[PDB]
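Listing of work.cif, mmCIF, C-alpha atoms and all ligand atoms
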data_final
loop_
_atom_site.label_atom_id
_atom_site.label_comp_id
_atom_site.auth_asym_id
_atom_site.auth_seq_id
_atom_site.Cartn_x
_atom_site.Cartn_y
_atom_site.Cartn_z
CA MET B 1 14.99 14.63 -47.53
CA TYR B 2 12.74 13.78 -50.43
CA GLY B 3 12.90 15.93 -53.55
CA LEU B 4 9.44 17.34 -52.93
CA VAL B 5 10.86 19.43 -50.04
CA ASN B 6 13.62 20.92 -52.18
CA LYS B 7 11.20 21.51 -55.10
CA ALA B 8 8.98 23.46 -52.69
CA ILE B 9 11.84 25.61 -51.39
CA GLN B 10 12.87 26.20 -55.02
CA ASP B 11 9.28 27.02 -55.98
CA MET B 12 8.80 29.34 -53.00
CA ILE B 13 11.91 31.38 -53.83
CA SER B 14 11.37 31.45 -57.62
CA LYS B 15 7.76 32.62 -57.23
CA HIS B 16 8.65 35.40 -54.74
CA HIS B 17 12.11 36.54 -55.89
CA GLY B 18 12.45 35.39 -59.53
CA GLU B 19 14.58 33.01 -61.62
CA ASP B 20 17.84 34.99 -61.29
CA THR B 21 17.77 35.04 -57.46
CA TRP B 22 17.06 31.30 -57.50
CA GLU B 23 20.11 30.72 -59.72
CA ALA B 24 22.26 32.83 -57.40
CA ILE B 25 21.11 30.70 -54.41
CA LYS B 26 21.45 27.45 -56.38
CA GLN B 27 25.06 28.39 -57.24
CA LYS B 28 25.90 29.37 -53.65
CA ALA B 29 24.29 26.18 -52.28
CA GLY B 30 26.79 24.23 -54.41
CA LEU B 31 24.12 22.65 -56.60
CA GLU B 32 24.71 24.03 -60.12
CA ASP B 33 25.17 20.49 -61.52
CA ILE B 34 21.51 19.78 -60.67
CA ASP B 35 19.03 20.94 -63.35
CA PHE B 36 15.89 19.98 -61.41
CA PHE B 37 14.87 18.23 -58.21
CA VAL B 38 13.13 14.85 -58.60
CA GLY B 39 10.10 14.88 -56.29
CA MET B 40 10.01 11.17 -55.36
CA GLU B 41 13.78 10.76 -55.03
CA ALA B 42 15.68 10.86 -51.71
CA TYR B 43 18.38 13.53 -51.38
CA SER B 44 21.02 14.01 -48.71
CA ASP B 45 19.68 16.27 -45.92
CA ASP B 46 22.72 18.49 -46.67
CA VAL B 47 21.03 19.64 -49.86
CA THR B 48 18.21 21.21 -47.84
CA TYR B 49 20.44 22.81 -45.20
CA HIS B 50 22.77 24.25 -47.87
CA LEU B 51 19.79 25.60 -49.83
CA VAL B 52 18.36 27.35 -46.76
CA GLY B 53 21.80 28.61 -45.69
CA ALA B 54 22.46 29.97 -49.18
CA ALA B 55 19.05 31.65 -49.40
CA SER B 56 19.60 33.22 -45.97
CA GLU B 57 22.74 34.95 -47.25
CA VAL B 58 21.42 35.95 -50.71
CA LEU B 59 18.06 37.19 -49.38
CA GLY B 60 19.38 38.75 -46.15
CA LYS B 61 16.84 36.90 -44.02
CA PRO B 62 17.75 34.52 -41.18
CA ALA B 63 17.38 30.78 -41.93
CA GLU B 64 14.74 30.42 -39.18
CA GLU B 65 12.62 33.10 -40.85
CA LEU B 66 12.80 31.26 -44.19
CA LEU B 67 11.86 27.99 -42.48
CA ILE B 68 8.73 29.69 -41.10
CA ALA B 69 7.76 30.97 -44.57
CA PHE B 70 8.50 27.55 -46.05
CA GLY B 71 6.27 25.93 -43.41
CA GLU B 72 3.41 28.24 -44.43
CA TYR B 73 4.04 27.65 -48.11
CA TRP B 74 4.00 23.84 -47.82
CA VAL B 75 0.33 23.39 -46.92
CA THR B 76 -0.82 25.18 -50.11
CA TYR B 77 1.95 23.73 -52.27
CA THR B 78 1.19 20.07 -51.48
CA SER B 79 -2.52 20.43 -52.33
CA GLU B 80 -1.49 21.58 -55.82
CA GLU B 81 1.24 18.97 -56.31
CA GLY B 82 -0.47 15.61 -55.75
CA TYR B 83 -1.63 15.65 -52.12
CA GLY B 84 -4.98 17.50 -52.13
CA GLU B 85 -6.96 14.33 -51.38
CA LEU B 86 -4.48 13.20 -48.76
CA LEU B 87 -4.76 16.56 -46.97
CA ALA B 88 -8.56 16.47 -47.03
CA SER B 89 -8.57 12.95 -45.51
CA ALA B 90 -6.56 14.26 -42.52
CA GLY B 91 -9.47 16.27 -41.11
CA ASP B 92 -11.98 19.11 -41.03
CA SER B 93 -10.41 21.06 -38.18
CA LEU B 94 -6.95 21.91 -36.85
CA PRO B 95 -6.99 19.73 -33.70
CA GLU B 96 -8.15 16.78 -35.83
CA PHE B 97 -5.45 17.38 -38.46
CA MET B 98 -2.82 17.39 -35.70
CA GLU B 99 -4.03 14.03 -34.35
CA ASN B 100 -3.67 12.61 -37.90
CA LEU B 101 -0.19 13.93 -38.56
CA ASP B 102 1.77 10.69 -38.01
CA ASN B 103 -0.88 8.87 -40.06
CA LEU B 104 -0.54 11.36 -42.89
CA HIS B 105 3.27 10.99 -42.91
CA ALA B 106 2.85 7.19 -42.95
CA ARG B 107 0.57 7.42 -46.01
CA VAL B 108 3.31 9.38 -47.74
CA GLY B 109 5.62 6.68 -46.27
CA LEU B 110 4.10 3.95 -48.45
CA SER B 111 4.90 6.03 -51.54
CA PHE B 112 8.28 7.27 -50.27
CA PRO B 113 10.07 4.21 -48.75
CA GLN B 114 13.27 5.79 -47.28
CA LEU B 115 11.24 8.50 -45.50
CA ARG B 116 12.42 9.63 -42.07
CA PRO B 117 9.28 11.45 -40.92
CA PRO B 118 9.04 13.39 -37.64
CA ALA B 119 6.83 12.16 -34.82
CA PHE B 120 4.11 14.34 -33.30
CA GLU B 121 1.99 13.79 -30.18
CA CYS B 122 -0.96 15.97 -29.06
CA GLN B 123 -1.78 16.39 -25.39
CA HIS B 124 -5.07 18.31 -25.40
CA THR B 125 -5.48 20.68 -22.45
CA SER B 126 -8.85 22.14 -23.45
CA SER B 127 -11.22 22.47 -26.42
CA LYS B 128 -9.21 25.56 -27.47
CA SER B 129 -5.62 24.54 -26.55
CA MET B 130 -3.05 21.73 -26.81
CA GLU B 131 0.61 20.85 -26.22
CA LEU B 132 2.37 19.59 -29.30
CA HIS B 133 5.38 17.30 -28.89
CA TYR B 134 7.80 17.19 -31.81
CA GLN B 135 10.49 14.51 -32.17
CA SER B 136 12.86 14.34 -35.08
CA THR B 137 16.03 12.68 -36.37
CA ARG B 138 16.97 16.16 -37.66
CA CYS B 139 18.10 19.47 -36.09
CA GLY B 140 16.91 23.03 -36.44
CA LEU B 141 13.52 22.46 -38.05
CA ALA B 142 11.17 23.57 -35.23
CA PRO B 143 10.66 26.98 -36.97
CA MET B 144 9.25 25.00 -39.90
CA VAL B 145 6.57 23.50 -37.58
CA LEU B 146 5.53 27.01 -36.56
CA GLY B 147 4.85 27.94 -40.21
CA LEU B 148 3.06 24.64 -40.86
CA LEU B 149 0.69 25.35 -37.97
CA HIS B 150 -0.16 28.80 -39.35
CA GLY B 151 -0.65 27.25 -42.80
CA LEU B 152 -3.17 24.87 -41.18
CA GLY B 153 -4.81 27.81 -39.42
CA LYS B 154 -5.24 29.52 -42.79
CA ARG B 155 -6.54 26.28 -44.31
CA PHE B 156 -9.24 25.89 -41.63
CA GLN B 157 -10.15 29.62 -41.29
CA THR B 158 -8.97 29.19 -37.71
CA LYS B 159 -7.12 31.82 -35.66
CA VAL B 160 -4.14 30.16 -34.03
CA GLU B 161 -1.27 31.07 -31.69
CA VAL B 162 1.88 29.02 -31.37
CA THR B 163 4.59 29.46 -28.80
CA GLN B 164 7.53 27.08 -28.36
CA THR B 165 7.98 26.22 -24.65
CA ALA B 166 10.86 23.72 -24.87
CA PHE B 167 13.90 23.69 -27.13
CA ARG B 168 16.48 20.95 -27.84
CA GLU B 169 18.93 23.89 -28.16
CA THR B 170 18.70 24.73 -24.43
CA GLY B 171 19.18 21.01 -23.67
CA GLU B 172 15.56 19.85 -23.36
CA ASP B 173 14.71 16.33 -24.58
CA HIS B 174 12.50 17.39 -27.52
CA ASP B 175 10.71 20.53 -28.81
CA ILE B 176 7.31 21.30 -27.33
CA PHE B 177 4.81 23.86 -28.59
CA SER B 178 1.86 25.40 -26.80
CA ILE B 179 -0.98 26.01 -29.25
CA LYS B 180 -4.21 28.01 -28.78
CA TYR B 181 -6.96 28.00 -31.40
CA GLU B 182 -10.39 29.47 -32.33
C1 LIG B 201 0.08 16.39 -47.11
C2 LIG B 201 0.74 17.18 -46.25
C3 LIG B 201 2.17 16.78 -45.86
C4 LIG B 201 2.99 16.03 -46.60
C5 LIG B 201 2.72 15.42 -48.00
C6 LIG B 201 4.22 15.90 -45.87
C7 LIG B 201 5.33 15.21 -46.30
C8 LIG B 201 6.56 15.35 -45.73
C9 LIG B 201 7.79 14.81 -46.27
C10 LIG B 201 7.86 13.97 -47.58
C11 LIG B 201 8.78 15.14 -45.44
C12 LIG B 201 10.27 14.79 -45.60
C13 LIG B 201 10.60 13.58 -44.72
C14 LIG B 201 11.87 12.92 -45.19
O1 LIG B 201 12.27 13.14 -46.36
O2 LIG B 201 12.49 12.17 -44.39
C15 LIG B 201 8.23 15.92 -44.34
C16 LIG B 201 8.96 16.47 -43.30
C17 LIG B 201 8.51 17.17 -42.20
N1 LIG B 201 7.17 17.34 -41.86
FE1 LIG B 201 5.59 17.01 -43.29
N2 LIG B 201 4.11 16.59 -44.68
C18 LIG B 201 2.85 17.14 -44.63
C19 LIG B 201 2.35 17.90 -43.60
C20 LIG B 201 3.01 18.26 -42.44
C21 LIG B 201 2.45 19.08 -41.39
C22 LIG B 201 1.03 19.68 -41.38
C23 LIG B 201 3.35 19.22 -40.41
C24 LIG B 201 3.04 20.05 -39.14
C25 LIG B 201 3.81 20.09 -38.05
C26 LIG B 201 4.56 18.50 -40.81
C27 LIG B 201 5.77 18.40 -40.11
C28 LIG B 201 7.00 18.08 -40.68
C29 LIG B 201 8.32 18.45 -40.20
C30 LIG B 201 8.67 19.27 -38.95
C31 LIG B 201 9.32 17.84 -41.20
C32 LIG B 201 10.87 17.94 -41.15
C33 LIG B 201 11.53 16.57 -41.05
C34 LIG B 201 11.88 16.22 -39.63
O3 LIG B 201 11.50 16.97 -38.69
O4 LIG B 201 12.55 15.18 -39.43
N3 LIG B 201 4.32 17.93 -42.06
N4 LIG B 201 6.85 16.03 -44.55
#
Would you put the structure from the file into structure tokens?
Ligand code: HEM
Amino acid sequence: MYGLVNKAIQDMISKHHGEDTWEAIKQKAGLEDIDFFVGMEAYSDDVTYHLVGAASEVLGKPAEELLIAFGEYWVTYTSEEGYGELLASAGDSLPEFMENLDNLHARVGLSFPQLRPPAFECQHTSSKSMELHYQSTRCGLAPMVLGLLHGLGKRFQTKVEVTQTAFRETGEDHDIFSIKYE
């Protein structure tokens, strides 16, 4: 995954738990020979998994919980790190932003060539609900989507409820989320 993801995890932990805790995690992740993450450079996915795994152990929180927090953090973090305009061009409401999600990831995809973005499809079921279909080349990142959706809720002063209804882990084709919103 691109450096920006690892920078954000790093930033999230440093800001909440301090520089020492970050170093402890860094060490345990097996990444002490890396002084900084380069935001526009592609890293092996392993870097991210090892980071999250290491932080799970050092912080005493399950990985899935950290992925949720990371998901929430990302919406705010990107607006401050080069993507404020891009975010604003994706919409004025949550359902609109969700429709534009592939588009948004493609507009990053011009900048970042070796991107492997997820694919999202919205089936609207009412003016206050939708089904969100999530397909990915990667495993175990559905909890991250849950945090992203709450981030977006916060962004749009919109109350939101997200419940996963289908899991790859039980053998379903792809993850599906039921979403209700203000
Ligand atoms: C400007 C805002 C956003 C930017 C700049 C952005 C950019 C990125 C980038 C660079 C990656 C890594 C892809 C790779 O390295 O292959 C990624 C991954 C991902 N994105 Fe976003 N993204 C944004 C918003 C969102 C939102 C709102 C969602 C809501 C569901 C989302 C869902 C995901 C998921 C689930 C992944 C994990 C990769 C995977 O599933 O394969 N992104 N994003």
Ligand LIG 201 (chain B) neighbours within 6 Å using only C-alpha atoms and all ligand atoms, as a list in words: residues 1, 2, 78, 83, 86, 87, 105, 115, 116, 117, 118, 136, 137, 138, 141, 144, 145, 148 and 149 of chain B
Next, the residues of the selection above should be written as a CSV table (one decimal), in the frame of the given file with C-alpha atoms.
chain,number,residue,atom,x,y,z
B,1,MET,CA,15.0,14.6,-47.5
B,2,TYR,CA,12.7,13.8,-50.4
B,78,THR,CA,1.2,20.1,-51.5
B,83,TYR,CA,-1.6,15.6,-52.1
B,86,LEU,CA,-4.5,13.2,-48.8
B,87,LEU,CA,-4.8,16.6,-47.0
B,105,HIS,CA,3.3,11.0,-42.9
B,115,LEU,CA,11.2,8.5,-45.5
B,116,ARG,CA,12.4,9.6,-42.1
B,117,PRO,CA,9.3,11.4,-40.9
B,118,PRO,CA,9.0,13.4,-37.6
B,136,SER,CA,12.9,14.3,-35.1
B,137,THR,CA,16.0,12.7,-36.4
B,138,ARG,CA,17.0,16.2,-37.7
B,141,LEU,CA,13.5,22.5,-38.0
B,144,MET,CA,9.2,25.0,-39.9
B,145,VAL,CA,6.6,23.5,-37.6
B,148,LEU,CA,3.1,24.6,-40.9
B,149,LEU,CA,0.7,25.4,-38.0
Find the nearest atom pair between each residue of region 60-161 of chain B and region 14-18 of chain B for residues within 12 Å, count only C-alpha atoms, give distances in Å to one decimal, sort rows by chain and ascending number, and present the table as a tab-separated table.
residue	atom	partner	partner_atom	distance
B:69	CA	B:16	CA	11.1
B:70	CA	B:16	CA	11.7
B:73	CA	B:15	CA	11.0
B:77	CA	B:15	CA	11.7
Atomic distance CA of residue 88 (chain B) - CA of residue 71 (chain B), expressed in Å with one decimal: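 Here the two named atoms are 18.0 Å from each other.
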Shortest interatomic distance to residue 132 (chain B) - which of B:104, B:179, B:94, B:66, counting all atoms listed in the file: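 For residue 132 (chain B), the nearest of the candidates is B:179.
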Sphere at (-6.3, 19.1, -33.0), radius 12 Å, counting all atoms listed in the file: residues as a VMD selection string: chain B and resid 90 to 101 120 to 132 149 152 to 153 156 158 160 179 to 182
Dump as a tab-separated table the rows for residues of region 78-132 of chain B within 9 Å of region 39-55 of chain B: closest atom pair and distance in Å with one decimal, all atoms listed in the file counted, ordered by chain and rising residue number.
residue	atom	partner	partner_atom	distance
B:111	CA	B:40	CA	8.2
B:112	CA	B:40	CA	6.6
B:114	CA	B:42	CA	7.2
B:115	CA	B:42	CA	8.0
